[PDB]
Every structure is written in structure tokens, then in C-alpha cells.
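Both blocks below hold the same protein chain, though in two forms, and each is given as C-alpha cells: structure 1 and structure 2.
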Structure 1
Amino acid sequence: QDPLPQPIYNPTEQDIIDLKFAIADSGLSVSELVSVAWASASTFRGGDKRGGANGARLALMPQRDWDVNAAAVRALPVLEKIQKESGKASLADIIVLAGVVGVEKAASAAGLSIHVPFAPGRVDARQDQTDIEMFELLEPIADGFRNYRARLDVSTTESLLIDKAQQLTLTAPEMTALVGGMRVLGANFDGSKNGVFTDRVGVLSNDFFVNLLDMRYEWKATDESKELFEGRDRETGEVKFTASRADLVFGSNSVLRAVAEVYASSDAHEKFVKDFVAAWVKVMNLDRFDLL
């Protein structure tokens, strides 16, 4: 017996206000904030009752030591210290809240004060409620939201992104708003420039789409494996951007460019930000009221 029950929390509105203040002032960047929240939520699979942000299992084994999560796991200790210092909310709630602050900061930097809806109520799992063997199964072969791809395989990078979006129950418009925003917010798991079509990383703009759609660039594989692409300015021939298949599908799948061309420019900046926020929140809440 590890005797006492976990604390029961009932954050009030003002509790949440102060936890946002604490998180905003912690020196954590927009990239670190968005990565930790995404690493938490993104284990959800439709139909399985294991993944999702409830439980803060990112803080435990084995998710804490997954390669994909190394960036996310660098914010944890800051957030773990904030949670212990306040004891008004569970770390699971505070991880998701970090995502909220990070997205609100990104949009502010873009000139918009969006409110990002937050549902309180999550609890923390103990390691001895977190069967290590069962959770290893969910370690991702790929997360194209963070441009991660293990085990260059028989299966297609592009095909694994679709599978992951399907696991998350995302629409094509949601999956698209999410990839585009996560690129420019700096969510790539290893800081790669792939897909990062912007000179203002950490600002929630629609740059991914403006630039991906821009016909001034011509895209070519860097070799036979065809997993890495350079995009060159057609007049100079000078490489301007690089991309993986998970970036390029939004141009190169007629059907995904369709959804992709909506956001690709402008006065369109505010609708992309609203759809981003709706999608992000939807992912954050997949294990709230999951019917299956």
C-alpha cells in the first residue's frame, strides 16, 4: 500500500487564471508548450481506451522515454514544479493547459487574442496503474504532425499520417489546419526545418499554406528514397525550403490540396486561426466523453 488516495482537485476559474499566469512566465517557449501538450494528447486511438491526455502518462514510463517525446520531455520538469507549487490542478490538466497558453501566445504574436477553450477534470495516473507492457504498444511508428518517422518501412509516410489522423478521429480540414499550424509553431520533434515554411517560427500564421501553394517554387526529391524534397525558386534555382512526404501531400494530393487551398491566402488568416483552435481543442478532449 502506497497509502493515501491521489488528491482530488477542483480548480476554480481563478485557479486556472493563475496557472496560466505561472505557465506564461516560466520561460517555456511556444514550441515547448505546444510539444508537451501534443505529446500528451496524441496517443489517443479511436476505439481503444488507453491513449489521450487524461492520466499525464507522458510523465511516466514508457512514454517519458520515447524518442519522439524528447522535446516534450524537456518542459515536463518546469510544469511538474508548477503543479507541485500550486496543488490546485492535476499535472494532466496542467499539461493540456500548457498547450492552451502556448497556442494563445502564438496567436497573440500574430495579432489575434483568441480564447482557447479548456476542460478541467483530468487526473494523474500512478506508475503502478500504468502497465508498462501495454503502453509500449502505442509508441508511434510515425507522427507526421511532428514530422516524426521511425523505421522507413514497407508502409508510406503519407499513408501513416492518414492512419494517425484517423486514429485521432480528425477530418481532412482538421488534419490540415493542425499540420499547418504545428509546422510554423515549431512542433517538429527534432527542430527540423522540414515543412517550416516561415521566417516567424512560433507565430500562428497561415504561412505553411501560402508558401506550400506558391507556384514560384518547384519541388524535387533529393535522392531515390524520395523521402526528402527541396523546393527551389524557379528563377534562381536556389533552394528555399525542404519538406518530407508528410508536408508535401497537402500540395501533391489533389484531394488534400483541395482542403489545403482554402487556407492558402489571405484575409484568410483569421479563419485558419479559428479552425486551428477548434481542431487543437478537439484533440485535447478526445478522451473526454469518448463514446468510442
Structure 2
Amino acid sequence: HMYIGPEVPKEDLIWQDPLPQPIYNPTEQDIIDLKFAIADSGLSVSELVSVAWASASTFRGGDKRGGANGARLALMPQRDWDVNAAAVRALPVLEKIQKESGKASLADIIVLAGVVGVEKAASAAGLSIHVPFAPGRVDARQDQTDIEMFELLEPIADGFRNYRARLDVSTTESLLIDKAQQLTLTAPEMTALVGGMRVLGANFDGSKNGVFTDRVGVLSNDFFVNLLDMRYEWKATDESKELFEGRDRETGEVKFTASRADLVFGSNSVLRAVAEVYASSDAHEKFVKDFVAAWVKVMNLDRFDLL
């Protein structure tokens, strides 16, 4: 025997010292294992969706900064932002999962969590769908973050989580459009994300505003069906016109509450045309497929390495 054969693969070698900052290269089986770990973590759909959104939603198309790479949600100041309060209570579990595994960055794991969330919400609505996921993100550390000569702004508003920091007479609807264009979303993709994320229970503070469904955590088209249902009549609750009550016209009962961010989807002609497609009988699969595309789009905004 002359030993001139192919080099045994690195996956077969018994031992190799841990790098103090490992390069990761998760295998398909690595990703599958992480998925099961996340699904069995006891994190809810809403939390899985929340933590994923919070990490990714900082992207600015204007200059191409922000997004889920680097995992700044785990660092200051993002970890402490009011709007991220719900998201951040899920981090410690992914942090532990990341350590036990050592197969992927925390940056990747955060987005994987969103993938698992959307998949579960989909099966709860009677659909098996594959949510695309690309590994490769890295974790930034606190100092690397502190030195950077660009600035990411704590958001005055994020309509996708029905968050509005203070009223200053810039309208909530225009602030939602601003966020959306920062993320380079089209009007249809913005529309699927809002409706999706509403019924998923992704409001920053657990409020029921715009949550037009009795089955939270299920990726249905409930939001759209109930928003366009003429059975309901919509009234402002006071002079601000920031908050609305939807009452059954047949029985008088107050069924829903809503903010301006929710109501605009039925109160602008273009958005409404989109909403009425998603409301359609038998448009559920189509909605789910547009929500997924939109969601994955947002999750990948900053992935210039996937050149």
C-alpha cells in the first residue's frame, strides 16, 4: 500500500482545536438539526417571527447598511430599543442553541428562527411549504460595532409591528411607507408582510390592533378577509384618529381594534386592490407564497456576499 489516495475529509478528523472565532460552514444536516432544536425550544411562532424581523428590519436601501448580518440585535444599542423588547426575550434561547451547536453564527440562527416560525405558521394553516434559507452570516462583536463610521437610527416607527414611538403629526401611514421603502419593498410585498405579520402576533407589545383573527400564530389570510368585510363598520375612538374600533353591523358587538397602519390597506385604492386579491376565496396559497417571497427577500437584503 502506497497511500496516494484522496485526502480524508475534514469532517472525519477526530480532533481540531477550537478557533476563538470559528469560520462556520453549516451542512444541510447542520441546518436541519438547528431547525429541530429551535422548534423544540418552546419559542412561539410570534417570538420566532419577532426576533427574525427585529434583526433584519434595520436595512436601509439608500446606502445598503443594516440587516441581519452581524447580529447587532444581540449588541447595544439595538438590544435595548423599546421596539425590540419582545424580540430580545427570545435571544437567550438562540444564544444557548448557538453555543451547544457551534455549527452556525448567531446571525444565521436568528434568521433560521424566523424560517422555523414561518414554516410552523404555514403548517398550522394546512400548508407544507419550504422557506428558503441561505447560511453565511457572521457575528459582529460590540467593539467592531462601536467603531463603525455609519449610523443606524433607532426607528421612530415600524408599521410592520404596529410600533409608533410618539405622535408628532407625521402620519403613521406615511411612516409605514417610509419604513417599507427603506426595505425596498413593493406595495404588494408590504401588503403581504403586514397582513401576514399581524395574524402571526408580531405587534411589538402584543396589542390586538389589526390582529383580525381568532387564530393567532396561523399564517392565514384572515387579516384581509376581515378588513374588507362590509359586515364591519369602523369608527375612531377619539380626536387623534390614531385608533379605530370595528363593530359588527348585525349585532353591535365590538369585534376588532385597529391603528392607521392597519386601516390604510383598505383605504388606499392601490393597496386595496392588492388586499382584495388576498381576500379572495381560494387565494390562500397565493398569499402564503407572496408572504414567503417577501419575507425571504427581507431576510436577504444585505447578502451582497451571495453575489
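The term rigid core refers to the most C-alpha atoms you can superpose between the two forms while keeping them within 1.5 Å. When a residue number appears, read it as a position in the sequence of structure 1, where counting begins at 1.
Student: After the core is superposed, which of these residues, 133, 199, 85, 128, moves its CA 2 Å or more between structure 1 and structure 2?
Tutor: After core superposition, the one over threshold is 133.
Student: Answer yes if the CA of residue 67 moves 2 Å or more between structure 1 and structure 2 after aligning the rigid core, and no otherwise.
Tutor: After core superposition, the displacement of the residue 67 C-alpha between structure 1 and structure 2 stays below 2 Å, so no.
Student: Once the core is aligned, does residue 27 move its Cα by at least 2 Å between structure 1 and structure 2?
Tutor: The answer is no, as the C-alpha of residue 27 shifts between structure 1 and structure 2 by less than 2 Å after core alignment.
Student: Is there a C-alpha shift of 2 Å or more at residue 226 between structure 1 and structure 2 once the rigid core is superposed?
Tutor: After core superposition, the displacement of the residue 226 C-alpha between structure 1 and structure 2 stays below 2 Å, so no.
Student: Could you check how much the CA of residue 235 shifts between structure 1 and structure 2 after a rigid core fit, in angstrom?
Tutor: The shift comes out to 2.2 Å.
Student: Hey, core superposed, how many Å does residue 151 shift at the CA between structure 1 and structure 2?
Tutor: Reported C-alpha shift between structure 1 and structure 2: 1.5 Å at residue 151.
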